[PDB]
Amino acid sequence: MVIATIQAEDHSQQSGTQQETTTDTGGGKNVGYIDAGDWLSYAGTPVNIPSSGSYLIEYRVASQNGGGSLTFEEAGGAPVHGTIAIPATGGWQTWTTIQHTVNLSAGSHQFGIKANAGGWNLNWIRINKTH
Ligand SMILES: O[C@@H]1[C@@H](O)[C@H](O[C@@H]2CO[C@@H](O[C@@H]3CO[C@@H](O[C@@H]4CO[C@@H](O)[C@H](O)[C@H]4O)[C@H](O)[C@H]3O)[C@H](O)[C@H]2O)OC[C@H]1O
Ligand SMILES: [Ca+2]
Ligand SMILES: [Ca+2]
Ligand code: NA
Ligand code: NA
């Protein structure tokens, strides 16, 4: 069951990135020009987690050459929830969905993403129940 879909471009604050038009399914925009140090805050749109436990986080990503990684966290940087490697997809607008699990406490969260290594674009993020 889906808890939230967050379009990557709908950040309340950011550093070092730029929006661009995406040709991915559904159109709209993606965040691009993501490099080490860059970040996206979704603190403006808190998401409610109904119960403590495991959640599946999905990211809609594109990467010409691979090598990227990100850290999913609360905005401001702590606690950190998890990290994920972003694979090469064949190009900047060739999209795939990647995923990992993290533990989240129940209640209102203000999420953020920190790029540890660049080379990827982000269309949206999705938070899902597991159990
Ligand atoms: O006396 C009564 C007033 O208190 C009441 O005012 C309402 C109070 O609630 C207001 O909504 C608030 C707005 O802030 C939200 O938290 C933010 C969530 O995003 C975060 O990024 C940010 O940092 C937080 O500050 C909070 O959840 C929400 O409840 C509302 O706008 C006011 O109208 O009005 C009725 C009076 O009788
Ligand atoms: Ca950048
Ligand atoms: Ca988008
Ligand atoms: Na492409
Ligand atoms: Na980089």
# chains A, B, ... in the order shown; residues from 1 in each chain; ligands from 1
>>> residues_around(residues="residue 105 (chain A)", least_positions_apart="2", cutoff="7 Å", atoms="only C-alpha atoms", output="compact mmCIF listing (two decimals) with N, CA and C atoms, in the first residue's frame")
# COMPACT_ATOMS: atom_id res chain seq x y z
N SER A 51 2.66 3.32 11.39
CA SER A 51 3.21 2.42 12.40
C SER A 51 4.70 2.27 12.20
N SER A 52 5.41 2.04 13.29
CA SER A 52 6.85 1.82 13.23
C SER A 52 7.15 0.49 12.56
N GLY A 53 8.17 0.48 11.71
CA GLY A 53 8.57 -0.74 11.04
C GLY A 53 9.15 -0.51 9.66
N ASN A 103 13.80 1.24 8.06
CA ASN A 103 12.95 1.33 9.24
C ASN A 103 12.52 2.77 9.44
N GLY A 107 4.60 8.33 12.92
CA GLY A 107 4.36 9.75 13.10
C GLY A 107 4.70 10.54 11.87
>>> closest_atom_pairs(of="chain A", to="ligand 1", cutoff="10 Å", atoms="only C-alpha atoms and all ligand atoms", output="CSV")
residue,atom,partner,partner_atom_place_in_ligand_line,distance
A:12,CA,ligand 1,21 (O),8.2
A:41,CA,ligand 1,21 (O),9.7
A:42,CA,ligand 1,21 (O),7.9
A:43,CA,ligand 1,21 (O),4.6
A:44,CA,ligand 1,21 (O),3.8
A:45,CA,ligand 1,19 (O),5.9
A:46,CA,ligand 1,19 (O),5.9
A:47,CA,ligand 1,19 (O),9.7
A:75,CA,ligand 1,21 (O),9.6
A:108,CA,ligand 1,27 (O),9.1
A:109,CA,ligand 1,20 (C),9.3
A:110,CA,ligand 1,21 (O),7.0
A:111,CA,ligand 1,21 (O),10.0
>>> closest_atom_pairs(of="chain A", to="ligand 5", cutoff="9 Å", atoms="only C-alpha atoms and all ligand atoms", output="Markdown table")
| residue | atom | partner | partner_atom_place_in_ligand_line | distance |
| --- | --- | --- | --- | --- |
| A:34 | CA | ligand 5 | 1 (Na) | 7.3 |
| A:35 | CA | ligand 5 | 1 (Na) | 4.0 |
| A:36 | CA | ligand 5 | 1 (Na) | 4.1 |
| A:37 | CA | ligand 5 | 1 (Na) | 7.8 |
| A:38 | CA | ligand 5 | 1 (Na) | 8.8 |
| A:67 | CA | ligand 5 | 1 (Na) | 8.7 |
| A:68 | CA | ligand 5 | 1 (Na) | 7.4 |
| A:115 | CA | ligand 5 | 1 (Na) | 8.0 |
| A:116 | CA | ligand 5 | 1 (Na) | 7.2 |
| A:117 | CA | ligand 5 | 1 (Na) | 4.3 |
| A:118 | CA | ligand 5 | 1 (Na) | 3.8 |
| A:119 | CA | ligand 5 | 1 (Na) | 6.5 |
>>> write_last_selection(atoms="N, CA and C atoms", output="short mmCIF file (atom, residue, chain, number, x, y, z; two decimals), in the first residue's frame")
data_model
loop_
_atom_site.label_atom_id
_atom_site.label_comp_id
_atom_site.auth_asym_id
_atom_site.auth_seq_id
_atom_site.Cartn_x
_atom_site.Cartn_y
_atom_site.Cartn_z
N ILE A 34 22.50 16.62 -10.54
CA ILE A 34 22.71 16.15 -9.19
C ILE A 34 24.14 15.67 -9.06
N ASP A 35 24.84 16.22 -8.08
CA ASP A 35 26.24 15.91 -7.83
C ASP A 35 26.47 15.72 -6.33
N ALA A 36 27.64 15.20 -5.97
CA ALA A 36 27.98 14.98 -4.57
C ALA A 36 27.84 16.27 -3.76
N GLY A 37 27.09 16.21 -2.65
CA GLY A 37 26.83 17.36 -1.81
C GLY A 37 25.44 17.95 -2.00
N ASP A 38 24.88 17.77 -3.20
CA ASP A 38 23.57 18.32 -3.51
C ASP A 38 22.50 17.63 -2.68
N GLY A 67 27.08 5.02 -11.35
CA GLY A 67 28.04 5.48 -10.36
C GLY A 67 27.47 6.33 -9.24
N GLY A 68 26.18 6.64 -9.31
CA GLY A 68 25.55 7.52 -8.34
C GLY A 68 25.09 6.79 -7.09
N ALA A 115 22.65 13.62 -2.08
CA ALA A 115 23.41 12.88 -3.09
C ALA A 115 24.84 12.70 -2.61
N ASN A 116 25.26 11.44 -2.53
CA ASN A 116 26.63 11.11 -2.15
C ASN A 116 27.56 11.05 -3.36
N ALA A 117 26.98 10.72 -4.50
CA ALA A 117 27.66 10.74 -5.80
C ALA A 117 26.63 11.07 -6.87
N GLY A 118 27.03 11.86 -7.85
CA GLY A 118 26.14 12.33 -8.89
C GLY A 118 26.02 11.38 -10.05
N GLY A 119 25.52 11.91 -11.16
CA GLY A 119 25.37 11.17 -12.39
C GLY A 119 24.00 10.60 -12.67
#
>>> atom_distance(atom1="CA of residue 106 (chain A)", atom2="CA of residue 55 (chain A)")
11.0 Å
>>> atom_distance(atom1="CA of residue 74 (chain A)", atom2="CA of residue 2 (chain A)")
19.0 Å
>>> select_by_dssp(residues="chain A", states="strand (DSSP E or B)", output="ChimeraX atom specification")
/A:2-7,13-15,18-21,29-32,39-41,47-49,53-63,68-74,80-86,91-104,107-109,111-117,121-129
>>> residues_around(residues="residue 80 (chain A)", least_positions_apart="3", cutoff="10 Å", atoms="only C-alpha atoms", output="short mmCIF file (atom, residue, chain, number, x, y, z; two decimals) with N, CA and C atoms, in the first residue's frame")
data_model
loop_
_atom_site.label_atom_id
_atom_site.label_comp_id
_atom_site.auth_asym_id
_atom_site.auth_seq_id
_atom_site.Cartn_x
_atom_site.Cartn_y
_atom_site.Cartn_z
N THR A 71 21.30 9.14 -0.18
CA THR A 71 20.96 8.87 1.20
C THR A 71 19.58 9.44 1.45
N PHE A 72 18.68 8.59 1.91
CA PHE A 72 17.32 8.95 2.29
C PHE A 72 17.31 9.16 3.80
N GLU A 73 16.78 10.31 4.23
CA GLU A 73 16.96 10.78 5.61
C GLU A 73 15.83 11.71 6.01
N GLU A 74 15.83 12.19 7.25
CA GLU A 74 14.98 13.33 7.60
C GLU A 74 15.70 14.56 7.13
N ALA A 75 14.95 15.58 6.72
CA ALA A 75 15.52 16.84 6.29
C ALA A 75 16.38 17.39 7.41
N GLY A 76 17.50 18.01 7.06
CA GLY A 76 18.49 18.40 8.04
C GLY A 76 19.60 17.38 8.25
N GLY A 77 19.34 16.11 7.96
CA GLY A 77 20.39 15.10 7.93
C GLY A 77 20.35 13.98 8.95
N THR A 83 20.58 4.08 2.37
CA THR A 83 21.29 4.48 1.16
C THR A 83 20.98 3.52 0.03
N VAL A 102 13.76 0.48 4.54
CA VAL A 102 14.27 1.21 5.68
C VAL A 102 13.31 1.02 6.85
N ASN A 103 13.80 1.24 8.06
CA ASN A 103 12.95 1.33 9.24
C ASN A 103 12.52 2.77 9.44
N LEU A 104 11.23 2.98 9.71
CA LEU A 104 10.72 4.31 10.03
C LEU A 104 9.86 4.25 11.27
N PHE A 111 10.99 14.40 5.09
CA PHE A 111 12.04 13.65 4.42
C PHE A 111 12.97 14.54 3.61
N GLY A 112 14.16 14.02 3.38
CA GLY A 112 15.17 14.66 2.56
C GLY A 112 16.05 13.64 1.85
N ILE A 113 16.68 14.07 0.77
CA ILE A 113 17.61 13.25 0.02
C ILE A 113 18.93 14.00 -0.12
N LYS A 114 20.03 13.32 0.19
CA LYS A 114 21.37 13.84 -0.01
C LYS A 114 22.06 12.98 -1.06
#
>>> residues_near_ligand(ligand="ligand 4", cutoff="6 Å", atoms="only C-alpha atoms and all ligand atoms", output="list in words")
residues 91, 92, 93 and 94 of chain A
>>> write_last_selection(atoms="N, CA, C and O atoms", output="PDB file, in the first residue's frame")
ATOM      1  N   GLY A  91      20.782   6.108 -20.329  1.00  0.00           N
ATOM      2  CA  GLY A  91      20.682   7.500 -20.717  1.00  0.00           C
ATOM      3  C   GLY A  91      19.930   8.368 -19.727  1.00  0.00           C
ATOM      4  O   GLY A  91      19.245   7.867 -18.831  1.00  0.00           O
ATOM      5  N   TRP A  92      20.036   9.676 -19.928  1.00  0.00           N
ATOM      6  CA  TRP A  92      19.478  10.667 -19.006  1.00  0.00           C
ATOM      7  C   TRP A  92      17.950  10.673 -18.920  1.00  0.00           C
ATOM      8  O   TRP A  92      17.389  11.186 -17.947  1.00  0.00           O
ATOM      9  N   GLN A  93      17.274  10.150 -19.942  1.00  0.00           N
ATOM     10  CA  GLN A  93      15.813  10.042 -19.944  1.00  0.00           C
ATOM     11  C   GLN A  93      15.349   8.612 -20.228  1.00  0.00           C
ATOM     12  O   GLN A  93      14.278   8.391 -20.796  1.00  0.00           O
ATOM     13  N   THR A  94      16.172   7.654 -19.819  1.00  0.00           N
ATOM     14  CA  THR A  94      15.809   6.244 -19.831  1.00  0.00           C
ATOM     15  C   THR A  94      15.603   5.863 -18.374  1.00  0.00           C
ATOM     16  O   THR A  94      16.542   5.839 -17.603  1.00  0.00           O
TER      17      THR A  94
END
>>> residues_near_ligand(ligand="ligand 3", cutoff="9 Å", atoms="only C-alpha atoms and all ligand atoms", output="short mmCIF file (atom, residue, chain, number, x, y, z; two decimals) with N, CA and C atoms, in the first residue's frame")
data_model
loop_
_atom_site.label_atom_id
_atom_site.label_comp_id
_atom_site.auth_asym_id
_atom_site.auth_seq_id
_atom_site.Cartn_x
_atom_site.Cartn_y
_atom_site.Cartn_z
N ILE A 6 5.93 11.38 -3.92
CA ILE A 6 6.49 12.74 -3.91
C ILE A 6 7.21 12.96 -5.22
N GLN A 7 6.75 13.92 -6.01
CA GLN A 7 7.47 14.31 -7.22
C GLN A 7 8.76 14.97 -6.79
N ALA A 8 9.87 14.60 -7.42
CA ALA A 8 11.18 15.07 -6.98
C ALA A 8 11.31 16.59 -7.02
N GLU A 9 10.65 17.18 -8.02
CA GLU A 9 10.65 18.62 -8.24
C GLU A 9 9.84 19.42 -7.21
N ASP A 10 9.03 18.74 -6.40
CA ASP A 10 8.16 19.38 -5.42
C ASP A 10 8.83 19.52 -4.04
N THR A 21 12.39 19.17 -18.06
CA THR A 21 11.26 18.41 -18.55
C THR A 21 11.66 16.96 -18.69
N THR A 22 10.80 16.04 -18.27
CA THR A 22 11.06 14.62 -18.45
C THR A 22 10.15 14.04 -19.52
N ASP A 24 9.68 10.74 -19.33
CA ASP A 24 9.20 9.54 -18.66
C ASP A 24 7.68 9.48 -18.70
N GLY A 26 4.04 9.82 -17.90
CA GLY A 26 3.33 10.79 -17.09
C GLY A 26 3.81 12.21 -17.29
N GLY A 27 4.94 12.37 -17.98
CA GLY A 27 5.52 13.66 -18.26
C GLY A 27 5.89 14.43 -17.00
N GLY A 28 5.74 15.74 -17.06
CA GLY A 28 6.11 16.61 -15.97
C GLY A 28 7.59 16.93 -15.98
N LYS A 29 8.20 16.89 -14.79
CA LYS A 29 9.58 17.32 -14.61
C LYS A 29 10.37 16.28 -13.85
N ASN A 30 11.69 16.31 -14.05
CA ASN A 30 12.61 15.62 -13.16
C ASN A 30 13.62 16.61 -12.60
N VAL A 31 14.26 16.22 -11.51
CA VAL A 31 15.38 16.95 -10.98
C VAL A 31 16.63 16.40 -11.67
N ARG A 60 12.38 6.74 -8.89
CA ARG A 60 12.31 6.71 -10.34
C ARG A 60 13.51 7.49 -10.88
N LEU A 122 16.24 12.29 -11.11
CA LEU A 122 15.20 11.74 -10.23
C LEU A 122 13.85 12.32 -10.63
N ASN A 123 12.88 11.46 -10.92
CA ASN A 123 11.55 11.91 -11.33
C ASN A 123 10.60 12.04 -10.13
N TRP A 124 10.59 11.00 -9.30
CA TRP A 124 9.73 10.93 -8.13
C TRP A 124 10.23 9.85 -7.17
N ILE A 125 9.67 9.88 -5.97
CA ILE A 125 9.95 8.94 -4.89
C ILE A 125 8.61 8.40 -4.42
#
>>> closest_residue(among="A:11, A:33, A:97, A:18", to="ligand 2", atoms="only C-alpha atoms and all ligand atoms")
A:33
>>> atom_distance(atom1="CA of residue 87 (chain A)", atom2="CA of residue 127 (chain A)")
19.8 Å
>>> closest_residue(among="A:13, A:90, A:120, A:49", to="ligand 2", atoms="only C-alpha atoms and all ligand atoms")
A:120
